[PDB]
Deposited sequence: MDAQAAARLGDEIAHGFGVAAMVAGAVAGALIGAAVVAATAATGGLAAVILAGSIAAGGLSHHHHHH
């Protein structure tokens, strides 16, 4: 478990910056889906990147 990411994720979602919070349904699913296909990472890492993707747009 990446404590780095669990902390980042838990922090981001607390402040309203989770993926499902900032973009529509279809988009959040699509962003999460791309992150997983793009490293030895896990679900946490994927959800974080989906939010960084969503934020840069």
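When the deposited sequence is numbered from 1, the segments without any C-alpha atom are 39-40, 60-67.
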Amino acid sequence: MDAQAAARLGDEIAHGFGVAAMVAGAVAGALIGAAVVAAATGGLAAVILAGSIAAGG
From here on, numbers count along this sequence of modelled residues.
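Taking the PDB entry as given, 40-48 carries the higher mean Cα B factor of the two stretches 40-48 and 9-17.
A34: CA B factor lies in the lowest third for its chain, per the PDB record.
The PDB entry assigns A55 a C-alpha temperature factor belonging to the middle third of its chain's modelled residues.
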